[PDB]
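Heads up, structure-v2.csv below (CSV, C-alpha atoms and all ligand atoms):
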chain,number,residue,atom,x,y,z
A,1,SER,CA,-36.3,-9.8,36.1
A,2,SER,CA,-33.2,-7.7,36.2
A,3,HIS,CA,-34.3,-8.1,39.8
A,4,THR,CA,-32.3,-11.3,39.7
A,5,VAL,CA,-29.4,-10.8,37.3
A,6,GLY,CA,-28.5,-7.2,38.1
A,7,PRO,CA,-28.4,-7.6,41.9
A,8,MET,CA,-26.3,-10.8,41.5
A,9,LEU,CA,-23.8,-8.7,39.4
A,10,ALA,CA,-23.9,-5.9,42.0
A,11,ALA,CA,-22.9,-8.3,44.8
A,12,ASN,CA,-20.2,-9.7,42.5
A,13,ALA,CA,-18.9,-6.1,41.9
A,14,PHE,CA,-18.9,-5.5,45.6
A,15,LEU,CA,-16.8,-8.6,46.1
A,16,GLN,CA,-14.1,-7.2,43.7
A,17,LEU,CA,-14.3,-3.8,45.4
A,18,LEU,CA,-13.3,-5.6,48.6
A,19,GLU,CA,-10.2,-7.1,46.9
A,20,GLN,CA,-9.4,-3.9,45.0
A,21,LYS,CA,-9.4,-2.0,48.3
A,22,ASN,CA,-7.6,-4.7,50.4
A,23,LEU,CA,-10.6,-4.8,52.9
A,24,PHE,CA,-11.6,-8.4,52.2
A,25,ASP,CA,-9.4,-9.9,55.0
A,26,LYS,CA,-10.5,-7.3,57.5
A,27,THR,CA,-14.3,-8.0,56.7
A,28,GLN,CA,-16.3,-9.9,59.3
A,29,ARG,CA,-19.8,-8.7,58.6
A,30,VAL,CA,-21.8,-7.7,55.6
A,31,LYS,CA,-25.0,-5.7,55.2
A,32,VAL,CA,-27.3,-5.3,52.2
A,33,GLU,CA,-30.1,-2.7,52.0
A,34,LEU,CA,-32.7,-2.7,49.1
A,35,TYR,CA,-34.7,0.3,47.9
A,36,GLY,CA,-37.7,1.3,45.7
A,37,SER,CA,-38.8,-1.6,43.5
A,38,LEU,CA,-36.0,-3.8,44.6
A,39,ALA,CA,-37.2,-3.6,48.2
A,40,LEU,CA,-40.9,-3.7,47.1
A,41,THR,CA,-40.5,-7.0,45.3
A,42,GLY,CA,-40.2,-8.6,48.6
A,43,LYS,CA,-38.5,-11.3,50.8
A,44,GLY,CA,-38.5,-14.6,48.9
A,45,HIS,CA,-39.3,-13.0,45.4
A,46,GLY,CA,-35.8,-13.5,43.8
A,47,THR,CA,-33.6,-10.6,44.9
A,48,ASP,CA,-32.4,-11.9,48.2
A,49,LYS,CA,-31.7,-15.3,46.7
A,50,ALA,CA,-29.8,-13.5,43.9
A,51,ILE,CA,-27.8,-11.2,46.1
A,52,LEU,CA,-26.7,-13.9,48.7
A,53,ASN,CA,-25.5,-16.3,46.1
A,54,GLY,CA,-23.7,-13.5,44.3
A,55,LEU,CA,-22.0,-12.4,47.5
A,56,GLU,CA,-20.8,-16.0,47.5
A,57,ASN,CA,-19.3,-15.3,44.0
A,58,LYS,CA,-21.9,-17.2,42.1
A,59,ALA,CA,-22.6,-15.4,38.9
A,60,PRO,CA,-25.5,-15.4,36.8
A,61,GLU,CA,-24.3,-17.3,33.7
A,62,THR,CA,-21.7,-19.4,35.7
A,63,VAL,CA,-24.3,-20.4,38.3
A,64,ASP,CA,-26.8,-23.3,38.6
A,65,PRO,CA,-30.4,-22.0,39.3
A,66,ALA,CA,-31.9,-25.0,40.9
A,67,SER,CA,-29.2,-24.6,43.6
A,68,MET,CA,-30.1,-21.0,44.5
A,69,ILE,CA,-33.0,-21.4,46.9
A,70,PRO,CA,-31.4,-24.3,48.7
A,71,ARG,CA,-28.3,-22.3,49.1
A,72,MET,CA,-30.1,-19.3,50.5
A,73,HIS,CA,-31.8,-21.5,53.0
A,74,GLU,CA,-28.5,-23.0,54.2
A,75,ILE,CA,-27.1,-19.5,54.6
A,76,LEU,CA,-30.0,-18.4,56.8
A,77,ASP,CA,-30.1,-21.8,58.7
A,78,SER,CA,-26.4,-21.9,59.5
A,79,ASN,CA,-26.1,-18.1,59.9
A,80,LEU,CA,-22.9,-18.4,57.9
A,81,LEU,CA,-22.1,-16.6,54.5
A,82,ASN,CA,-19.3,-17.8,52.4
A,83,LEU,CA,-18.0,-14.4,51.3
A,84,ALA,CA,-16.6,-14.5,47.8
A,85,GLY,CA,-16.3,-18.3,48.3
A,86,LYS,CA,-13.1,-17.8,50.5
A,87,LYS,CA,-14.3,-17.0,54.0
A,88,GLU,CA,-17.2,-18.0,56.2
A,89,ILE,CA,-18.6,-14.9,58.1
A,90,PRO,CA,-21.6,-14.6,60.5
A,91,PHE,CA,-24.9,-13.7,58.8
A,92,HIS,CA,-28.1,-12.6,60.4
A,93,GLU,CA,-31.0,-11.6,58.0
A,94,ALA,CA,-32.9,-9.5,60.6
A,95,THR,CA,-29.8,-7.4,60.7
A,96,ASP,CA,-27.9,-7.9,57.4
A,97,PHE,CA,-30.5,-8.0,54.7
A,98,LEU,CA,-33.0,-5.1,54.8
A,99,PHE,CA,-36.0,-4.2,52.5
A,100,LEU,CA,-36.6,-0.5,52.8
A,101,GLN,CA,-39.9,-0.3,51.0
A,102,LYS,CA,-40.7,3.1,52.3
A,103,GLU,CA,-37.4,4.6,51.0
A,104,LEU,CA,-35.8,5.7,47.7
A,105,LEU,CA,-32.2,6.2,46.5
A,106,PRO,CA,-32.2,9.3,44.5
A,107,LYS,CA,-30.8,8.3,41.1
A,108,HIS,CA,-33.2,5.5,40.3
A,109,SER,CA,-35.7,3.1,41.9
A,110,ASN,CA,-33.8,-0.1,41.7
A,111,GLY,CA,-31.2,0.8,44.4
A,112,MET,CA,-29.0,-1.1,46.7
A,113,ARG,CA,-26.3,-0.3,49.3
A,114,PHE,CA,-23.6,-2.9,50.2
A,115,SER,CA,-21.7,-2.4,53.5
A,116,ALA,CA,-18.8,-4.3,55.1
A,117,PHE,CA,-17.8,-4.1,58.7
A,118,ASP,CA,-14.8,-5.3,60.7
A,119,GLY,CA,-15.0,-7.4,63.9
A,120,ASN,CA,-15.1,-4.3,66.2
A,121,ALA,CA,-18.2,-3.1,64.4
A,122,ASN,CA,-16.5,-0.4,62.3
A,123,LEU,CA,-17.8,0.3,58.9
A,124,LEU,CA,-15.0,-0.5,56.3
A,125,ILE,CA,-16.8,0.6,53.1
A,126,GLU,CA,-20.2,1.4,51.7
A,127,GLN,CA,-21.2,1.1,48.1
A,128,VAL,CA,-24.4,2.0,46.3
A,129,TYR,CA,-25.4,0.2,43.1
A,130,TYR,CA,-28.3,0.5,40.7
A,131,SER,CA,-29.6,-2.1,38.2
A,132,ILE,CA,-31.2,-0.8,35.1
A,133,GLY,CA,-32.1,-2.0,31.6
A,134,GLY,CA,-32.0,-5.7,30.9
A,135,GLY,CA,-30.0,-5.8,34.2
A,136,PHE,CA,-26.8,-4.0,33.6
A,137,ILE,CA,-25.1,-2.5,36.7
A,138,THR,CA,-23.8,1.0,37.8
A,139,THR,CA,-22.3,2.6,40.9
A,140,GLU,CA,-23.9,5.7,42.4
A,141,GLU,CA,-20.9,7.7,41.3
A,142,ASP,CA,-20.7,6.3,37.7
A,143,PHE,CA,-24.5,6.7,37.2
A,144,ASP,CA,-24.2,10.1,35.6
A,145,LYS,CA,-21.0,9.9,33.7
B,1,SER,CA,-27.8,9.9,82.3
B,2,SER,CA,-27.0,11.1,78.7
B,3,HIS,CA,-29.2,8.2,77.6
B,4,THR,CA,-32.4,10.3,78.2
B,5,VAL,CA,-31.5,14.0,78.5
B,6,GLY,CA,-28.9,14.1,75.6
B,7,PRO,CA,-31.1,12.2,73.0
B,8,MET,CA,-34.1,14.4,73.9
B,9,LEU,CA,-32.0,17.5,73.2
B,10,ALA,CA,-30.7,15.9,70.0
B,11,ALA,CA,-34.3,15.4,68.8
B,12,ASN,CA,-34.8,19.0,69.7
B,13,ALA,CA,-31.9,20.2,67.7
B,14,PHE,CA,-33.1,18.3,64.7
B,15,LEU,CA,-36.5,20.0,65.0
B,16,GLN,CA,-34.7,23.4,64.9
B,17,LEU,CA,-32.6,22.2,62.0
B,18,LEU,CA,-35.8,21.3,60.0
B,19,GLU,CA,-37.1,24.8,60.7
B,20,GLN,CA,-33.7,26.5,60.1
B,21,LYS,CA,-33.4,24.7,56.7
B,22,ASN,CA,-37.1,25.3,55.7
B,23,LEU,CA,-37.8,21.6,55.4
B,24,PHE,CA,-40.4,21.2,58.2
B,25,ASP,CA,-43.3,21.8,55.8
B,26,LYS,CA,-42.1,19.2,53.2
B,27,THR,CA,-41.6,16.6,55.9
B,28,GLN,CA,-44.0,13.7,56.0
B,29,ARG,CA,-42.0,10.9,57.7
B,30,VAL,CA,-39.1,10.8,60.1
B,31,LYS,CA,-36.6,8.1,61.0
B,32,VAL,CA,-34.3,7.5,64.0
B,33,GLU,CA,-31.4,5.1,64.1
B,34,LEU,CA,-29.4,4.4,67.3
B,35,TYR,CA,-25.9,3.1,67.5
B,36,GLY,CA,-23.4,1.6,69.9
B,37,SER,CA,-24.2,2.1,73.5
B,38,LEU,CA,-27.4,3.9,72.8
B,39,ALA,CA,-28.8,1.1,70.7
B,40,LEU,CA,-27.7,-1.4,73.4
B,41,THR,CA,-30.0,-0.2,76.1
B,42,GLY,CA,-33.0,-1.6,74.2
B,43,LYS,CA,-36.6,-0.9,73.4
B,44,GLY,CA,-38.3,0.4,76.5
B,45,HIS,CA,-35.1,1.4,78.4
B,46,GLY,CA,-35.2,5.2,78.2
B,47,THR,CA,-34.0,6.5,74.9
B,48,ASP,CA,-36.9,5.8,72.7
B,49,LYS,CA,-39.2,7.5,75.4
B,50,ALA,CA,-36.8,10.4,75.3
B,51,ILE,CA,-36.4,10.8,71.6
B,52,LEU,CA,-40.1,10.6,70.7
B,53,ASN,CA,-41.2,13.2,73.2
B,54,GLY,CA,-38.2,15.2,72.1
B,55,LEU,CA,-39.3,15.0,68.5
B,56,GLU,CA,-42.6,16.4,69.9
B,57,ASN,CA,-40.6,19.4,71.3
B,58,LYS,CA,-41.0,18.2,74.9
B,59,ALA,CA,-37.7,19.3,76.4
B,60,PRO,CA,-36.1,17.8,79.1
B,61,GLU,CA,-35.7,20.5,81.8
B,62,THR,CA,-39.4,21.3,81.0
B,63,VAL,CA,-41.4,18.2,80.0
B,64,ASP,CA,-43.5,16.2,82.6
B,65,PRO,CA,-41.6,12.9,83.2
B,66,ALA,CA,-44.8,11.1,84.3
B,67,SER,CA,-46.1,11.8,80.8
B,68,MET,CA,-43.4,10.3,78.6
B,69,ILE,CA,-44.2,6.6,78.7
B,70,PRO,CA,-48.0,7.2,78.3
B,71,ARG,CA,-47.3,9.5,75.4
B,72,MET,CA,-44.8,7.1,73.7
B,73,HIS,CA,-47.5,4.5,73.9
B,74,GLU,CA,-50.0,6.7,72.2
B,75,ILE,CA,-47.6,7.5,69.5
B,76,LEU,CA,-47.1,3.8,68.8
B,77,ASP,CA,-50.8,3.0,69.3
B,78,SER,CA,-52.1,5.8,67.0
B,79,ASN,CA,-49.1,5.5,64.6
B,80,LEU,CA,-49.1,9.3,64.6
B,81,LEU,CA,-46.2,11.6,65.8
B,82,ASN,CA,-46.9,15.2,66.4
B,83,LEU,CA,-43.7,16.7,65.0
B,84,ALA,CA,-42.6,19.8,66.9
B,85,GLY,CA,-46.1,19.7,68.2
B,86,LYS,CA,-47.2,21.5,64.9
B,87,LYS,CA,-48.0,18.5,62.7
B,88,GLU,CA,-49.2,14.9,63.1
B,89,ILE,CA,-47.3,12.5,60.6
B,90,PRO,CA,-47.4,8.8,60.1
B,91,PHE,CA,-45.1,6.8,62.4
B,92,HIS,CA,-44.2,3.1,62.4
B,93,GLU,CA,-41.6,1.9,64.9
B,94,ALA,CA,-40.7,-1.2,62.8
B,95,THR,CA,-39.6,1.2,60.2
B,96,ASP,CA,-38.7,4.5,61.9
B,97,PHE,CA,-37.0,3.8,65.2
B,98,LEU,CA,-34.1,1.4,64.8
B,99,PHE,CA,-31.7,-0.1,67.4
B,100,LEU,CA,-28.6,-0.9,65.4
B,101,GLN,CA,-26.7,-2.7,68.2
B,102,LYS,CA,-24.2,-4.4,65.9
B,103,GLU,CA,-23.0,-1.0,64.5
B,104,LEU,CA,-20.9,2.0,65.6
B,105,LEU,CA,-20.8,5.6,64.4
B,106,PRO,CA,-17.1,6.5,64.2
B,107,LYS,CA,-16.5,9.4,66.6
B,108,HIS,CA,-18.1,8.0,69.7
B,109,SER,CA,-20.4,5.2,71.0
B,110,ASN,CA,-23.5,7.2,71.7
B,111,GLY,CA,-24.4,8.0,68.1
B,112,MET,CA,-27.8,8.8,66.6
B,113,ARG,CA,-28.9,9.5,63.1
B,114,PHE,CA,-32.0,11.6,62.5
B,115,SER,CA,-33.6,11.5,59.0
B,116,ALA,CA,-36.6,13.3,57.4
B,117,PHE,CA,-38.4,12.3,54.2
B,118,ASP,CA,-41.0,13.9,52.0
B,119,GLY,CA,-44.2,12.2,51.0
B,120,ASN,CA,-42.7,10.9,47.7
B,121,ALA,CA,-40.1,8.9,49.9
B,122,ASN,CA,-37.4,11.3,49.0
B,123,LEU,CA,-34.9,11.9,51.8
B,124,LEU,CA,-34.8,15.6,52.8
B,125,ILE,CA,-31.9,15.6,55.3
B,126,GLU,CA,-29.8,13.4,57.6
B,127,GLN,CA,-28.1,14.5,60.7
B,128,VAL,CA,-25.9,12.5,63.0
B,129,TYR,CA,-25.7,13.6,66.6
B,130,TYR,CA,-23.8,12.3,69.6
B,131,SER,CA,-24.5,12.7,73.4
B,132,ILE,CA,-21.4,13.0,75.6
B,133,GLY,CA,-20.6,13.9,79.2
B,134,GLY,CA,-23.6,14.7,81.4
B,135,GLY,CA,-25.7,14.7,78.2
B,136,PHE,CA,-24.4,17.7,76.2
B,137,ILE,CA,-25.0,17.3,72.5
B,138,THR,CA,-23.0,17.6,69.3
B,139,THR,CA,-23.4,17.0,65.6
B,140,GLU,CA,-21.0,14.8,63.6
B,141,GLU,CA,-19.4,17.8,61.9
B,142,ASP,CA,-19.0,19.8,65.0
B,143,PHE,CA,-17.6,16.9,67.1
B,144,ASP,CA,-14.0,17.8,66.4
B,145,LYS,CA,-14.2,21.6,66.7
A,201,MG,MG,-30.3,-19.8,61.6
A,202,MG,MG,-50.1,1.3,66.3
Can the structure in the file be given as structure tokens, please?
Amino acid sequence: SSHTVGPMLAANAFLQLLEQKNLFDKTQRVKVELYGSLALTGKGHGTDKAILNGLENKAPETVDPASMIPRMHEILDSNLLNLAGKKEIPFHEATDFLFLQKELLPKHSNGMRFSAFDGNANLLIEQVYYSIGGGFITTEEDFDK
Amino acid sequence: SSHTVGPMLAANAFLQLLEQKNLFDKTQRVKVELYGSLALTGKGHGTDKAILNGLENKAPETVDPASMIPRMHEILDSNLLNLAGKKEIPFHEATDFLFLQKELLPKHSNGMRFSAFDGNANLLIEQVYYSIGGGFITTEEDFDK
């Protein structure tokens, strides 16, 4: 149930990373990859809804929950994601939201990787997050500190 | 050209790597990801043929070319890959052979990533290769030497 809250925050964090690193403007495609139990608790079971809305800068106290499923549907239907609420970018689930049930990130089971790409298909940045406890968030590299 | 020969060799190099690093015995699943130009000549257009048989240690100046398509088919049909021809392991295309047409590895367009995992879904090793020229091969980290 920190399969909803945590992933929403992770997305949110990734959005700020894009600003912090001045790669938001250059970003034309985004990819999300879920692992271990996050991946296992599948398509339609909260986490995708949570992540997409969060990538749109909805955030989990701020946001309205009745709106989350409709909004996911619009995103898939239109193939447009409103990154951080500022920019509409192409989105294709087959390609941009993966459930890797057979795979495990090494720190913990509830793992995620966020990736941004520019319009010439170059990777701009990659960031791994984990959600643990009630649904607090941590980066790969802060996990152990 | 270097859409068949090169990738076959790359799969070969990976097999040697597995042996060279003493991870062949721990390996219980394998994954291949194609990028740029390699991913773009799709399912059934050479490169999957070539890689699978190469992962079976068929090797390209020495394999029977009449045998490659039938064999790829059995691998898919049976869902078993006979790694380095020493060991049958579970294989699922949906999961283990990916054509990432919307992505580029950074050095060159003909990129490949080989991954091996143990039976606990732990990743044992990644290796990126590229095929260049006639179909000579190189690793990521040797590309610039
Ligand atoms: Mg659509
Ligand atoms: Mg089958």
With distances taken over only C-alpha atoms, which of A:74, A:33, A:141, A:19 is nearest to residue 94 in chain A?
->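 The closest residue to residue 94 in chain A is A:33.
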Neighbouring residues of ligand MG 201 (chain A) are defined here as those with any atom at most 6 Å from a ligand atom, counting only C-alpha atoms and all ligand atoms; list them as an mmCIF file with C-alpha atoms, in the coordinates of the input.
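The resulting pocket.cif:
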data_model
loop_
_atom_site.group_PDB
_atom_site.id
_atom_site.type_symbol
_atom_site.label_atom_id
_atom_site.label_comp_id
_atom_site.auth_asym_id
_atom_site.auth_seq_id
_atom_site.Cartn_x
_atom_site.Cartn_y
_atom_site.Cartn_z
ATOM 1 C CA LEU A 76 -30.000 -18.400 56.800
ATOM 2 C CA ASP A 77 -30.100 -21.800 58.700
ATOM 3 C CA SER A 78 -26.400 -21.900 59.500
ATOM 4 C CA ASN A 79 -26.100 -18.100 59.900
#
Residue contacts of residue 139 in chain A (6 Å, only C-alpha atoms) excluding same-chain residues fewer than 3 positions away, as a list in words |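 The residues that qualify are residues 128, 129, 142 and 143 of chain A.
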Output for the residues just chosen: C-alpha atoms as a short mmCIF file (atom, residue, chain, number, x, y, z; two decimals), in the coordinates of the input:
data_model
loop_
_atom_site.label_atom_id
_atom_site.label_comp_id
_atom_site.auth_asym_id
_atom_site.auth_seq_id
_atom_site.Cartn_x
_atom_site.Cartn_y
_atom_site.Cartn_z
CA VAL A 128 -24.40 2.00 46.30
CA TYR A 129 -25.40 0.20 43.10
CA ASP A 142 -20.70 6.30 37.70
CA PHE A 143 -24.50 6.70 37.20
#
Near residue 100 in chain A, within 10 Å and counting only C-alpha atoms, which residues show up once chain neighbours fewer than 6 positions away are dropped, as an NGL selection string?
-> (:A and (33-40 or 42 or 112)) or (:B and (95))
Write out, as a JSON list (two decimals), in the coordinates of the input, the residues just selected, with C-alpha atoms.
[["chain", "number", "residue", "atom", "x", "y", "z"],
["A", 33, "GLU", "CA", -30.10, -2.70, 52.00],
["A", 34, "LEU", "CA", -32.70, -2.70, 49.10],
["A", 35, "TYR", "CA", -34.70, 0.30, 47.90],
["A", 36, "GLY", "CA", -37.70, 1.30, 45.70],
["A", 37, "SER", "CA", -38.80, -1.60, 43.50],
["A", 38, "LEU", "CA", -36.00, -3.80, 44.60],
["A", 39, "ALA", "CA", -37.20, -3.60, 48.20],
["A", 40, "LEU", "CA", -40.90, -3.70, 47.10],
["A", 42, "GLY", "CA", -40.20, -8.60, 48.60],
["A", 112, "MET", "CA", -29.00, -1.10, 46.70],
["B", 95, "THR", "CA", -39.60, 1.20, 60.20]]
Residue list for chain A near chain B as a list in words, 8 Å, all atoms listed in the file =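 Taking all atoms listed in the file into account, residues 102, 103, 104, 105, 106, 121, 122 and 123 of chain A sit within 8 Å of chain B.
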Out of B:8, B:30, B:59, B:17, which residue has the shortest atom-to-atom distance to residue 115 in chain B when counting all atoms listed in the file?
-> B:30
Residues at most 6 Å from residue 118 in chain B, counting all atoms listed in the file, excluding those fewer than 4 positions away in the same chain, as a ChimeraX atom specification?
-> /B:26-28,122
